[PDB]
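Next up, model-v4.cif (mmCIF, C-alpha atoms and all ligand atoms):
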```
data_input
loop_
_atom_site.label_atom_id
_atom_site.label_comp_id
_atom_site.auth_asym_id
_atom_site.auth_seq_id
_atom_site.Cartn_x
_atom_site.Cartn_y
_atom_site.Cartn_z
CA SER O 1 -112.80 255.47 80.61
CA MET O 2 -116.45 255.32 79.57
CA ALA O 3 -117.74 253.59 82.75
CA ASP O 4 -119.56 256.79 83.75
CA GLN O 5 -121.63 256.54 80.54
CA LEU O 6 -122.49 252.90 81.43
CA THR O 7 -122.22 251.91 77.76
CA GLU O 8 -123.29 248.38 76.70
CA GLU O 9 -119.63 247.34 76.67
CA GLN O 10 -119.24 248.48 80.29
CA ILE O 11 -122.53 247.08 81.59
CA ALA O 12 -121.16 243.76 80.33
CA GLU O 13 -117.84 244.36 82.11
CA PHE O 14 -119.29 244.01 85.61
CA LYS O 15 -122.15 241.74 84.56
CA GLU O 16 -119.48 239.22 83.66
CA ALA O 17 -118.18 239.29 87.26
CA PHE O 18 -121.73 238.96 88.61
CA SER O 19 -122.55 236.06 86.24
CA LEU O 20 -119.23 234.33 87.00
CA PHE O 21 -120.83 233.15 90.22
CA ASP O 22 -124.44 233.07 88.90
CA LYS O 23 -124.07 230.14 86.50
CA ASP O 24 -127.74 230.29 85.45
CA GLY O 25 -127.23 234.00 84.68
CA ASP O 26 -130.63 234.81 86.13
CA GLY O 27 -129.25 237.96 87.70
CA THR O 28 -129.50 236.82 91.31
CA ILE O 29 -126.68 236.26 93.82
CA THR O 30 -126.60 236.08 97.63
CA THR O 31 -124.58 238.46 99.79
CA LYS O 32 -122.22 235.54 100.59
CA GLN O 33 -121.42 235.52 96.84
CA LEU O 34 -121.21 239.33 96.66
CA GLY O 35 -118.15 239.25 98.91
CA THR O 36 -116.49 236.97 96.35
CA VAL O 37 -117.67 239.23 93.48
CA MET O 38 -116.03 242.14 95.36
CA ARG O 39 -112.66 240.38 94.84
CA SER O 40 -113.30 240.45 91.12
CA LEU O 41 -114.21 244.18 91.34
CA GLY O 42 -110.82 245.19 92.84
CA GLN O 43 -107.64 244.49 94.76
CA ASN O 44 -109.23 243.06 97.98
CA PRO O 45 -110.43 246.21 99.83
CA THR O 46 -110.53 246.08 103.68
CA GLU O 47 -113.42 244.13 105.22
CA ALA O 48 -115.18 247.35 106.28
CA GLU O 49 -115.42 248.38 102.61
CA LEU O 50 -116.52 244.94 101.51
CA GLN O 51 -119.11 244.88 104.25
CA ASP O 52 -120.29 248.38 103.44
CA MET O 53 -121.21 247.19 99.94
CA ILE O 54 -123.14 244.12 101.10
CA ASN O 55 -124.81 246.16 103.80
CA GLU O 56 -126.35 248.76 101.50
CA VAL O 57 -127.61 246.27 98.96
CA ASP O 58 -128.97 243.97 101.68
CA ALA O 59 -131.03 246.79 103.14
CA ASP O 60 -133.96 244.41 102.65
CA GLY O 61 -132.32 241.81 104.89
CA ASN O 62 -133.30 238.89 102.67
CA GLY O 63 -129.70 237.88 101.94
CA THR O 64 -130.33 237.91 98.13
CA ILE O 65 -129.49 240.60 95.57
CA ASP O 66 -131.60 241.13 92.46
CA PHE O 67 -129.75 242.65 89.46
CA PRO O 68 -131.45 246.05 89.28
CA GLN O 69 -130.54 246.74 92.92
CA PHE O 70 -126.92 246.01 91.94
CA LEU O 71 -127.31 248.59 89.11
CA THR O 72 -128.92 251.15 91.38
CA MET O 73 -125.74 251.30 93.47
CA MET O 74 -123.44 251.79 90.48
CA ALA O 75 -125.65 254.25 88.65
CA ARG O 76 -125.64 256.50 91.70
CA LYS O 77 -121.83 256.51 91.87
CA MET O 78 -121.59 257.47 88.18
CA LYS O 79 -124.39 260.08 88.01
CA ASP O 80 -123.82 262.10 91.19
CA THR O 81 -126.72 264.52 90.42
CA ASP O 82 -129.03 265.73 93.15
CA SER O 83 -131.34 267.95 90.98
CA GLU O 84 -132.27 265.10 88.61
CA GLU O 85 -134.66 263.91 91.31
CA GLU O 86 -137.67 265.85 90.00
CA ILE O 87 -137.69 263.51 87.00
CA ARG O 88 -136.21 260.31 88.54
CA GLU O 89 -138.98 259.73 91.01
CA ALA O 90 -141.60 260.12 88.31
CA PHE O 91 -140.00 257.25 86.43
CA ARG O 92 -139.79 255.04 89.55
CA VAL O 93 -143.50 255.35 90.41
CA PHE O 94 -144.41 253.11 87.46
CA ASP O 95 -141.04 251.32 87.18
CA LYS O 96 -141.64 248.99 90.08
CA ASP O 97 -139.41 246.15 88.82
CA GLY O 98 -136.65 248.64 88.15
CA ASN O 99 -135.61 247.20 84.76
CA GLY O 100 -135.11 250.72 83.41
CA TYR O 101 -137.65 250.42 80.59
CA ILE O 102 -141.33 251.29 80.20
CA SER O 103 -143.93 248.58 79.21
CA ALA O 104 -147.64 249.22 78.43
CA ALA O 105 -148.68 247.61 81.74
CA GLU O 106 -146.69 250.19 83.71
CA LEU O 107 -148.69 253.05 82.16
CA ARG O 108 -151.94 251.21 82.76
CA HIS O 109 -151.38 251.29 86.51
CA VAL O 110 -150.88 255.05 86.61
CA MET O 111 -153.79 256.11 84.35
CA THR O 112 -156.24 253.90 86.21
CA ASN O 113 -155.58 255.75 89.49
CA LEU O 114 -156.91 259.00 87.93
CA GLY O 115 -160.20 257.19 87.36
CA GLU O 116 -159.74 257.57 83.61
CA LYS O 117 -159.31 254.79 80.99
CA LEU O 118 -156.74 255.35 78.24
CA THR O 119 -157.44 252.95 75.36
CA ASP O 120 -155.03 250.02 75.08
CA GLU O 121 -154.32 251.09 71.49
CA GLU O 122 -153.26 254.53 72.74
CA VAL O 123 -150.98 253.09 75.45
CA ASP O 124 -149.29 250.67 73.02
CA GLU O 125 -148.71 253.31 70.33
CA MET O 126 -147.34 255.73 72.99
CA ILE O 127 -144.29 253.58 73.42
CA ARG O 128 -143.42 253.63 69.70
CA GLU O 129 -144.31 257.32 69.51
CA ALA O 130 -141.95 258.16 72.33
CA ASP O 131 -139.13 255.89 71.13
CA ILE O 132 -136.81 257.39 68.54
CA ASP O 133 -134.49 254.40 67.80
CA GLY O 134 -136.85 251.51 66.79
CA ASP O 135 -136.13 249.17 69.71
CA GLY O 136 -139.78 249.07 70.91
CA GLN O 137 -138.95 250.24 74.45
CA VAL O 138 -138.37 253.53 76.23
CA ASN O 139 -135.56 254.29 78.71
CA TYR O 140 -135.01 257.17 81.21
CA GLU O 141 -133.31 259.69 78.90
CA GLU O 142 -136.13 259.14 76.37
CA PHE O 143 -138.62 259.78 79.19
CA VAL O 144 -136.90 263.03 80.20
CA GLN O 145 -136.98 264.14 76.57
CA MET O 146 -140.76 263.82 76.48
CA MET O 147 -141.28 266.74 78.86
CA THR O 148 -138.16 268.80 78.38
CA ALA O 149 -138.51 269.04 74.61
CA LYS O 150 -141.14 268.58 71.89
CA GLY V 1 -147.53 194.91 30.81
CA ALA V 2 -147.52 198.39 32.38
CA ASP V 3 -145.09 199.24 35.22
CA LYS V 4 -144.14 202.37 37.24
CA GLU V 5 -141.01 203.36 39.19
CA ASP V 6 -141.29 203.54 43.00
CA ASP V 7 -139.74 206.13 45.39
CA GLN V 8 -141.00 207.97 48.53
CA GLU V 9 -138.42 210.06 50.48
CA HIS V 10 -139.52 210.61 54.12
CA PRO V 11 -136.61 210.97 56.61
CA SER V 12 -136.88 212.36 60.15
CA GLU V 13 -134.01 214.00 62.11
CA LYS V 14 -133.02 213.27 65.76
CA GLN V 15 -129.31 214.26 65.76
CA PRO V 16 -129.03 217.14 68.23
CA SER V 17 -127.15 220.33 67.25
CA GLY V 18 -126.84 224.02 68.25
CA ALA V 19 -126.48 223.49 71.98
CA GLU V 20 -125.97 226.45 74.41
CA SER V 21 -126.84 226.80 78.18
CA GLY V 22 -130.18 228.50 77.31
CA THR V 23 -131.18 229.06 80.98
CA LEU V 24 -133.84 231.78 81.28
CA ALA V 25 -137.42 232.26 82.51
CA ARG V 26 -139.56 235.32 83.37
CA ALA V 27 -141.39 236.09 86.63
CA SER V 28 -144.19 238.29 85.27
CA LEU V 29 -146.24 239.08 82.16
CA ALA V 30 -149.24 241.23 81.25
CA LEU V 31 -150.96 239.47 78.30
CA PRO V 32 -153.75 241.98 77.90
CA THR V 33 -156.85 240.79 76.08
CA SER V 34 -158.24 244.34 75.88
CA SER V 35 -155.45 245.13 73.41
CA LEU V 36 -156.35 244.94 69.71
CA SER V 37 -155.17 246.73 66.51
CA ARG V 38 -158.23 248.00 64.58
CA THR V 39 -157.04 251.59 64.26
CA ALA V 40 -155.67 252.73 60.95
CA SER V 41 -154.51 256.07 62.33
CA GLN V 42 -152.32 254.50 65.06
CA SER V 43 -152.15 257.93 66.64
CA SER V 44 -151.68 258.49 70.36
CA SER V 45 -151.99 261.67 72.46
CA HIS V 46 -149.05 263.11 74.41
CA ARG V 47 -151.54 263.20 77.29
CA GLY V 48 -150.65 259.60 78.06
CA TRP V 49 -147.11 260.51 79.19
CA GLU V 50 -148.25 263.91 80.48
CA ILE V 51 -150.79 262.53 82.89
CA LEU V 52 -148.16 260.35 84.48
CA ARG V 53 -145.84 263.24 85.25
CA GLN V 54 -148.56 265.68 86.30
CA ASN V 55 -150.01 263.33 88.94
CA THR V 56 -146.64 262.42 90.52
CA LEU V 57 -145.72 266.15 90.52
CA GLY V 58 -148.97 266.63 92.32
CA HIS V 59 -150.03 269.17 89.69
CA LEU V 60 -153.71 270.05 90.04
CA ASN V 61 -155.99 268.37 87.45
CA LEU V 62 -159.78 268.43 87.27
CA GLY V 63 -162.33 266.46 85.23
CA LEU V 64 -166.13 266.32 84.98
CA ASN V 65 -166.82 263.70 82.28
CA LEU V 66 -165.22 260.96 84.33
CA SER V 67 -168.24 261.11 86.68
CA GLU V 68 -170.87 259.77 84.24
CA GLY V 69 -170.42 256.12 83.42
CA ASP V 70 -170.14 252.87 85.37
CA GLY V 71 -170.22 253.56 89.14
CA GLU V 72 -167.78 252.53 91.86
CA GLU V 73 -167.92 251.77 95.59
CA CA O 201 -140.35 248.40 84.18
CA CA O 202 -135.71 253.02 72.43
#
```
What would the structure in this file look like if it were written as structure tokens?
Amino acid sequence: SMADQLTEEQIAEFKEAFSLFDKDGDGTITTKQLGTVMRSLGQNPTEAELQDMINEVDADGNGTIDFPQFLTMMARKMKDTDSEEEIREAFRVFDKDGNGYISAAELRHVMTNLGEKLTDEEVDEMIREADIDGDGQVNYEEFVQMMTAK
Amino acid sequence: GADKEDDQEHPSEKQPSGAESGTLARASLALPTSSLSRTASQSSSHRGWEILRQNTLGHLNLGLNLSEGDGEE
């Protein structure tokens, strides 16, 4: 299996189950629907297990699950690394929506707090400078690379 | 007497095609107006990513030039 790598083929594998109930495909389901999605994830685990999943995601208590919170739970099961935290938190400070990518606005928030003003041209070119694959956006492994290598 | 042929093709199309659900919208946007592309160099300093990680690490940084300029309350 390649689920641990969370390849595009695999992200689609569980997204399909999530979107089965979310007809609009917006990426939002309620915890009432998550129990039904849990049936699509496996062979009907005991209610305590089913409940444990809805309980952790509904930490907020709003009854509704946004898609990156669904991903946060799975990513943690696949990664299992406690020392990665020095870098992960740094990414989360600016990644408030949790979409896993860096936009120019996210860097603007951080640099402003220092009381310094990076030019908008520098912030926009930083994304292309960091990115090595031409997609116009930077993900977590690309962000780690920035400091751990030249 | 003189005469000329007459044609003028001008159709319009209303037959729908290419349908799909197409259901999407976005909650937030930035739309900066400060952004422009006058630079030819298009260079950017690694400081932009460095400053982010130094401040969340809590690494000590110090600057003097940031004092002169527009004030703040
Ligand atoms: Ca983001
Ligand atoms: Ca990229």
Point-to-point distance in Å for atom CA of residue O:124 and atom CA of residue O:107
9.5 Å
Surrounding residues as an NGL selection string, ligand CA 201 (chain O), max 9 Å, all atoms listed in the file
:O and (92 or 94-103 or 105-106)
Counting only C-alpha atoms, collect the residues of chain O whose closest atom lies at most 8 Å from chain V, and write them out as a PDB file with C-alpha atoms, keeping the file's coordinate frame.
```
ATOM      1  CA  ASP O  24    -127.740 230.290  85.450  1.00  0.00           C
ATOM      2  CA  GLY O  25    -127.230 234.000  84.680  1.00  0.00           C
ATOM      3  CA  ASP O  26    -130.630 234.810  86.130  1.00  0.00           C
ATOM      4  CA  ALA O  90    -141.600 260.120  88.310  1.00  0.00           C
ATOM      5  CA  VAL O  93    -143.500 255.350  90.410  1.00  0.00           C
ATOM      6  CA  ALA O 105    -148.680 247.610  81.740  1.00  0.00           C
ATOM      7  CA  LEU O 107    -148.690 253.050  82.160  1.00  0.00           C
ATOM      8  CA  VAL O 110    -150.880 255.050  86.610  1.00  0.00           C
ATOM      9  CA  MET O 111    -153.790 256.110  84.350  1.00  0.00           C
ATOM     10  CA  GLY O 115    -160.200 257.190  87.360  1.00  0.00           C
ATOM     11  CA  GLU O 116    -159.740 257.570  83.610  1.00  0.00           C
ATOM     12  CA  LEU O 118    -156.740 255.350  78.240  1.00  0.00           C
ATOM     13  CA  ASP O 120    -155.030 250.020  75.080  1.00  0.00           C
ATOM     14  CA  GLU O 121    -154.320 251.090  71.490  1.00  0.00           C
ATOM     15  CA  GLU O 122    -153.260 254.530  72.740  1.00  0.00           C
ATOM     16  CA  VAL O 123    -150.980 253.090  75.450  1.00  0.00           C
ATOM     17  CA  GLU O 125    -148.710 253.310  70.330  1.00  0.00           C
ATOM     18  CA  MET O 126    -147.340 255.730  72.990  1.00  0.00           C
ATOM     19  CA  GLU O 129    -144.310 257.320  69.510  1.00  0.00           C
ATOM     20  CA  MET O 146    -140.760 263.820  76.480  1.00  0.00           C
ATOM     21  CA  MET O 147    -141.280 266.740  78.860  1.00  0.00           C
TER      22      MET O 147
END
```
May I ask for the distance between atom CA of residue O:132 and atom CA of residue O:113, given in Å to one decimal place?
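Atom CA of residue O:113 lies at a distance of 28.2 Å from atom CA of residue O:132.
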Gap from atom CA of residue O:83 to atom CA of residue O:145 - Å, one decimal:
15.9 Å
Within 9 Å of ligand CA 202 (chain O), which residues show up when you count only C-alpha atoms and all ligand atoms? List them as a list in words, please.
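I would give the residues around ligand CA 202 (chain O) as residues 101, 127, 128, 130, 131, 132, 133, 134, 135, 136, 137, 138, 139 and 142 of chain O.
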Local residues around (-126.9, 242.5, 84.5), at most 9 Å away, using all atoms listed in the file, as number ranges by chain
O: 11-12, 14-16, 18-19, 25-27, 67-68, 70-71
O:87, O:104, O:34, O:114 ranked by distance to residue O:140, top pick (using all atoms listed in the file)
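Looking only at the distances to residue O:140, the closest residue turns out to be O:87.
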With distances taken over all atoms listed in the file, which of O:2, O:17, O:77, O:64 is nearest to residue O:39?
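Comparing O:2, O:17, O:77, O:64 against residue O:39, the winner is O:17.
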Can you pull stretch 46-59 of chain V out of that block with N, CA and C atoms and hand it back as a PDB file, in the first residue's frame?
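Ended up saving to result-v4.pdb:
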```
ATOM      1  N   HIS V  46      16.111  35.236   0.418  1.00  0.00           N
ATOM      2  CA  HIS V  46      15.748  34.079   1.239  1.00  0.00           C
ATOM      3  C   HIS V  46      15.294  34.541   2.613  1.00  0.00           C
ATOM      4  N   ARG V  47      15.528  35.816   2.923  1.00  0.00           N
ATOM      5  CA  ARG V  47      15.131  36.397   4.188  1.00  0.00           C
ATOM      6  C   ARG V  47      13.654  36.271   4.381  1.00  0.00           C
ATOM      7  N   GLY V  48      12.871  36.320   3.300  1.00  0.00           N
ATOM      8  CA  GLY V  48      11.424  36.242   3.427  1.00  0.00           C
ATOM      9  C   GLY V  48      10.896  34.962   4.063  1.00  0.00           C
ATOM     10  N   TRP V  49      11.557  33.840   3.793  1.00  0.00           N
ATOM     11  CA  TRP V  49      11.166  32.561   4.415  1.00  0.00           C
ATOM     12  C   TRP V  49      11.910  32.405   5.758  1.00  0.00           C
ATOM     13  N   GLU V  50      13.098  33.017   5.835  1.00  0.00           N
ATOM     14  CA  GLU V  50      13.916  32.930   7.025  1.00  0.00           C
ATOM     15  C   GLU V  50      13.299  33.665   8.179  1.00  0.00           C
ATOM     16  N   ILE V  51      12.698  34.812   7.916  1.00  0.00           N
ATOM     17  CA  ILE V  51      12.165  35.629   8.990  1.00  0.00           C
ATOM     18  C   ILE V  51      11.009  34.911   9.639  1.00  0.00           C
ATOM     19  N   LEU V  52      10.271  34.148   8.856  1.00  0.00           N
ATOM     20  CA  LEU V  52       9.114  33.452   9.325  1.00  0.00           C
ATOM     21  C   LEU V  52       9.534  32.408  10.356  1.00  0.00           C
ATOM     22  N   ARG V  53      10.553  31.636  10.011  1.00  0.00           N
ATOM     23  CA  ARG V  53      11.005  30.566  10.875  1.00  0.00           C
ATOM     24  C   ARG V  53      11.793  31.090  12.060  1.00  0.00           C
ATOM     25  N   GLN V  54      12.532  32.166  11.916  1.00  0.00           N
ATOM     26  CA  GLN V  54      13.259  32.690  13.074  1.00  0.00           C
ATOM     27  C   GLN V  54      12.284  33.218  14.138  1.00  0.00           C
ATOM     28  N   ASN V  55      11.209  33.882  13.741  1.00  0.00           N
ATOM     29  CA  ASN V  55      10.351  34.500  14.756  1.00  0.00           C
ATOM     30  C   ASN V  55       9.494  33.488  15.509  1.00  0.00           C
ATOM     31  N   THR V  56       9.142  32.392  14.855  1.00  0.00           N
ATOM     32  CA  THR V  56       8.311  31.346  15.492  1.00  0.00           C
ATOM     33  C   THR V  56       9.221  30.446  16.355  1.00  0.00           C
ATOM     34  N   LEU V  57      10.510  30.397  16.006  1.00  0.00           N
ATOM     35  CA  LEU V  57      11.509  29.680  16.810  1.00  0.00           C
ATOM     36  C   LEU V  57      11.728  30.501  18.044  1.00  0.00           C
ATOM     37  N   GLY V  58      11.550  31.796  17.905  1.00  0.00           N
ATOM     38  CA  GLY V  58      11.800  32.701  19.006  1.00  0.00           C
ATOM     39  C   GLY V  58      13.264  33.098  18.996  1.00  0.00           C
ATOM     40  N   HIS V  59      13.917  32.950  17.844  1.00  0.00           N
ATOM     41  CA  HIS V  59      15.326  33.296  17.678  1.00  0.00           C
ATOM     42  C   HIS V  59      15.454  34.798  17.845  1.00  0.00           C
TER      43      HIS V  59
END
```
